[PDB]
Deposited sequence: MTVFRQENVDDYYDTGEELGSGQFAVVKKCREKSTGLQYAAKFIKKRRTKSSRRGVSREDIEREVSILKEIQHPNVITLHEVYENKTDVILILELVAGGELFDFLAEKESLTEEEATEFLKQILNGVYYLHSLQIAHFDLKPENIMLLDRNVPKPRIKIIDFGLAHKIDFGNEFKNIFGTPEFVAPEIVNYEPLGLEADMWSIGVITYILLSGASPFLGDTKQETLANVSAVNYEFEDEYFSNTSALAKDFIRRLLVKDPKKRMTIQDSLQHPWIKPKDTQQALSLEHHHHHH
């Protein structure tokens, strides 16, 4: 699939940089014809077949095709796609309130503050999983707020760069996600499905309530070894006033066997969440 090949700078002006990764940079932008503001994600293309730099066209097209399907209050919306010889440029909904990660560093959350965020995450993941879309990269960095100066900020899931459609209940690919948040089946190079996202939500919930990462080691290999062995515990120093039911929710997500892990529907019916 080909994208718009006119120069993006003829239709948008860019501003503040919003974020920067190995193969992409995101810049605030403004559409000249409407004054409306967006986030432009510039993805570096691969320059040869065998190269390891840049993102393969297959991977870029997969992300675009997923973004084109989704429309939900808790997921980013895609506006337009441009390309040139160097980059594919996704014009995405602007989410300007900052990361859940950075907002976390400002303060641990109470269970009410945590569940208010978590319920929005669960609602977005429920929508995705309903469409058989696995995100495969859920982590505080990919959860951003629309406005961080309200008592109950609204969140959006960003970054569909690892997301896959799961038409057969599992996909057999490598997911090089972030060690602290990937499920044991990713660490072990196993077939992957929607369950991997539910493990990541369990990790996110642990961090939201405690300020601490449950599997984090001193090196990436230690973190990955801890994930595979399900080597975590609730430290009393961090969890002593956290309810048992919040711990129960986490414990039913941080389950090695994906078949025994809570699904997204289970998580919404769990007594800690269900109203």
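Counting the deposited sequence from 1, the stretches lacking C-alpha coordinates are 1, 109, 278-293.
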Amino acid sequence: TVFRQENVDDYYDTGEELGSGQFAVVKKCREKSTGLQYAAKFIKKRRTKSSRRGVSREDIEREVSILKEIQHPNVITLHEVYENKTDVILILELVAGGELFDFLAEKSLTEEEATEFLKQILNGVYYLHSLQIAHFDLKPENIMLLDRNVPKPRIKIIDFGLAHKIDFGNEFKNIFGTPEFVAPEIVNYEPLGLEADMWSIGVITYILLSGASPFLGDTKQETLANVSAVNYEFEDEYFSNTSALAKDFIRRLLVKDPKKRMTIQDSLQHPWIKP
From here on, numbers count along this sequence of modelled residues.
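Under this definition, the rigid core comprises the largest set of C-alpha atoms superposing within 1.5 Å between the forms.
With each structure aligned by its rigid core, the stretch whose Cα atoms sit farther from this model in 8 other deposited structures of this protein, between 162-170 and 84-92, is 162-170. Comparing 246-254 with 213-221 by root mean square Cα distance to the shown form in 8 other deposited structures of this protein, with the rigid core used for the fit, gives 213-221 as the more displaced stretch.
Checked against the record, the higher mean CA B factor of 42-50 and 65-73 lies with 42-50.
Higher mean CA temperature factor, per the PDB entry, when comparing 170-178 with 75-83: 170-178.
The PDB entry assigns the greatest CA B-factor among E185, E106, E195, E93 to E106. Ranking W199, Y189, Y126, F101 by Cα temperature factor from the entry places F101 first. Per the deposited record, the Cα B-factor of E233 falls in the lowest third when ranked against the other modelled residues of its chain. Per the PDB record, residue ranking by Cα B-factor puts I158 in the highest third of the chain. In the deposited entry, the Cα temperature factor of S240 places it in the highest third of its chain's modelled residues. In this PDB entry, the Cα temperature factor of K32 sits in the top third of its chain's modelled residues, the highest group. Per the deposited record, the Cα B-factor of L146 falls in the highest third when ranked against the other modelled residues of its chain.
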